[PDB]
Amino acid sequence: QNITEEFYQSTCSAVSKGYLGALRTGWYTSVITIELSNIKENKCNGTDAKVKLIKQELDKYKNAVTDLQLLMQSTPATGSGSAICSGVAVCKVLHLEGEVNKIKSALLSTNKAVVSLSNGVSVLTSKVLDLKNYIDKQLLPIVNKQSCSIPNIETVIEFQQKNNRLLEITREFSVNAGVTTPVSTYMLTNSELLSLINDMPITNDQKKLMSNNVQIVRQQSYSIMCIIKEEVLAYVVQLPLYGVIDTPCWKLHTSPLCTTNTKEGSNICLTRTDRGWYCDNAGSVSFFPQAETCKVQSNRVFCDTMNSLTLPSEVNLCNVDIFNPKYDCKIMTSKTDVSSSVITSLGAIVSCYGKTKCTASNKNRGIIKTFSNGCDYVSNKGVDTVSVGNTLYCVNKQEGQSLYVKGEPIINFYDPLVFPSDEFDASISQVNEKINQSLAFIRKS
């Protein structure tokens, strides 16, 4: 809906609210088959140029098959094993006798079909390429006589086009040990992906979500290689199921908060930690510390709970009262006052320290705001760029309302002499405990 922001002058942090999250909680697996032709090499008296072209492209087909075979003889472990049991379980059933034969029978007359496998799983199977019909109908009469028949030039071109997708799939499955992500258009065309979404047990509102964000769905999908057996190449595509929909989400931005004394060696700094994406999830908050685990489109966020930490909902109270006893808000300390800026969703935090020249400009008016020393913020309303030293950042021109929440910077409530200035993973109450221990050591002395 309406994206809003709140800059907290006291902690040098901003919160971008109003995003609707879609969290991955399940997987929907589907079998993608390619019917191949078991045609060991055949040699006939051949010289005409069309026959040579056919045997060359046919040799590229034979090698793609032996290569997928050496990929499946020994399958190297991947860093994705913790996210693919759903699909590996389908591949293990397919290796059973008769299971590849069932899908070969269901897709005998149609391209798409639901097939009830062993393990009681009603999976949706599909056949995106048919090389067995093409090689056996158009090519075998051409290489399985005493002397080769002459194929027309249209067949030579059509076979290079059809065989291409097999080769590109073989290239991707080979360089990535059978597990590819994102799922490319070679693994699944956009036309095949949307029809696959349409044939899923999800709400009509959920099909609209995935169909309008196909690139994000591709980036949160996996393609797993199964088996080459009985003239069938099968591989599993693991598509995301978003069990959490339209959940409130926000993004925390933090920047160093130092004191602005003029004598070096007398300044202390604090920075809030755990910046990133937060989403309400099942009575708790799902936090995403890595930056690439959440894709954003407009007001919408797509996260994977695979790379999240589960925190109590009281973690949001670091945003309204950082000194609040229900949650131990985390900070880091240092004496490292280098100027920097963070481009938020609707503005910019600027931490200006020392002699750094910090400013905010409009493209036609020029410099419209000069930051003094400390931590400050400017909205995107009327601002295009922000300069810190020799670096120019661009402000997001997204529509929304910014709110500047005035307050005394909390770094000023701390005595420099007893401050712990090198904590790398501390907490507000931890630092206070270090101050009580440094104050007991001076009373005693």
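Start at 1 with the first residue shown and count on from there.
Looking at 331 to 339 and 276 to 284 together, the entry lists the larger mean B-factor for 331 to 339, computed on C-alpha atoms. Here 200 to 208 and 289 to 297 are compared by their mean Cα B-factor, and 200 to 208 comes out higher. Highest CA B-factor among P325, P76, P256, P182, as stated in the entry: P76. When the C-alpha B-factors of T260, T356, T271, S105 are read from the PDB record, the largest value belongs to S105. The PDB entry assigns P409 a C-alpha temperature factor belonging to the middle third of its chain's modelled residues. Among all modelled residues in its chain, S109 ranks in the highest third by Cα B-factor. Split the chain's modelled residues into thirds by C-alpha temperature factor. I150 is in the highest one. Annotation for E41: CA B-factor lies in the highest third of the chain's modelled residues. Annotation for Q437: C-alpha temperature factor in the highest third relative to the rest of the modelled chain, per the entry.
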